[PDB]
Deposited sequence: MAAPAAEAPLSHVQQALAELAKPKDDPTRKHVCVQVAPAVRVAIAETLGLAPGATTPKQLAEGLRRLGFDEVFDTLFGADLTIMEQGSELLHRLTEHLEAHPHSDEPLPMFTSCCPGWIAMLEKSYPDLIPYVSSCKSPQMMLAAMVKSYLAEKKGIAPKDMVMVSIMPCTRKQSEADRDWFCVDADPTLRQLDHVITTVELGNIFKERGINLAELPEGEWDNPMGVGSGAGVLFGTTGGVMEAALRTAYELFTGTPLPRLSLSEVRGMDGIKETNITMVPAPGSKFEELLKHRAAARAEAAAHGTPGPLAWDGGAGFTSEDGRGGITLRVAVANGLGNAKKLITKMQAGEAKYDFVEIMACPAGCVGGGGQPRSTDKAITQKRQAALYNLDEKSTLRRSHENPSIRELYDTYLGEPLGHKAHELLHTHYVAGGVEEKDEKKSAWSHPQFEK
């Protein structure tokens, strides 16, 4: 009946049962860091590969890292951002909003439908990975999509509502879901405990690559700072020819839950962006953008970025944006005060700083110090080169992008 019950029923079938399906799971990073708490341990006290082993012991045929999906979201959203910027430089509006939090998307559709054109058309990391698994991977393995089950483990009590949006399906059959069942961190922790699985005592297991070949999770060593930051990095590095360091956002005075940064961008010498800048000098009235120039004509643009945590705080930001008192070009809205590490499906703690501990243990110090870039991932490159085409192209649009419905679904 429940989605947990349905997923477990699929896993309960012997692997040689004629009605057995190919049961896949993907795991969010916020789940990996918090799952140890379900055993009464500290965040990060169990390793990612111990979790992978635990999931394989439940019977999953494939065990994926949602970060693979996030590399797709970075490719698409980075390209989408650069495209909106390019169109506006040469005279899909700006500012652009992120779209990965279903709590934001619900409030958008119900209370701010006039803002729909400003929102990124990207699906979330979990939905992009799911779309890929029941298209590319199904084909590769010679499995009918109807014989694939996709399960995600999320820190979030809203991700099932995201997965359930009707058109997230295979070949216009709304009963053939791209993503079937979402299980929360605590629900998974309970499943393990009910079965006498102690993650902390497991050997290291292995991840599967959603490409269906090669070792590991199909994601390179290192960190990105998350999809919004890496989308900015994608756009910035193409625009300027220079690397964007890890961002450090600053709190906004007088606005709760809002952080910001400004990113100055000079176009690369000889680039189209350099040409556009010189040669061509709604509800959210754009202000034409923030620009600067120098005496010799080396002009640039300043990208103004905001992150809102908490939907109440986001409502106050939107009011100020509509008034023209807050001026931003790219805005992320997340429903949870602490973001996904503090999601509604996470363990409950008496520790007032538990989300800080989760954030700190989210990735190890070795990887924290190393910046990775999604477009350099050979698995991602191969997927675009041999299957998807170009970011924002027809196939990528079909599988990886979405739309919004005024009034909600």
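- According to the record, the deposited residues with no C-alpha atom in the structure span 1-9, 101-105, 296-307, 436-452.
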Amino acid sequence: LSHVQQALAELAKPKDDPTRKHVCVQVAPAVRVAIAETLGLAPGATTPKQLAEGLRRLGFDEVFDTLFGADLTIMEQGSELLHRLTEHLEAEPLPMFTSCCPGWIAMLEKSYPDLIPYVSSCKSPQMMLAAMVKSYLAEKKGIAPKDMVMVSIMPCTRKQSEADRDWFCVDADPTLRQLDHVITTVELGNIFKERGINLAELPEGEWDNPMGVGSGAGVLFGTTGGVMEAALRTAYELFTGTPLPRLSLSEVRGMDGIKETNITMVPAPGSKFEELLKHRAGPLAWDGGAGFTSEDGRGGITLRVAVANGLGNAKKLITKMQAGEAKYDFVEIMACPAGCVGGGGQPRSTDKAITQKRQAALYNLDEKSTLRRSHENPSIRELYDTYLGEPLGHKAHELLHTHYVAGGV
From here on, numbers count along this sequence of modelled residues.
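- Once the C-alpha B-factors are averaged per stretch, 308-316 and 286-294 rank with 286-294 first.
- Once the C-alpha B-factors are averaged per stretch, 47-55 and 26-34 rank with 47-55 first.
- Residue set 302, 126, 250, 242: peak C-alpha B-factor at 250 (per PDB entry).
- In this entry, the residue among 215, 190, 224, 98 with the greatest C-alpha B factor is 215.
- When the modelled residues of the chain are ordered by their C-alpha B factor, residue 358 lands in the middle third.
- Compared with the other modelled residues of the chain, the Cα B-factor recorded for residue 118 ranks in the middle third.
- Residue 278 sits in the highest third of its chain by CA B factor, as recorded in the PDB entry.
- Sorting the modelled residues of the chain by their CA temperature factor places residue 210 in the middle third.
- Among all modelled residues in this chain, the alpha-carbon of residue 4 has a temperature factor (C-alpha) in the middle third.
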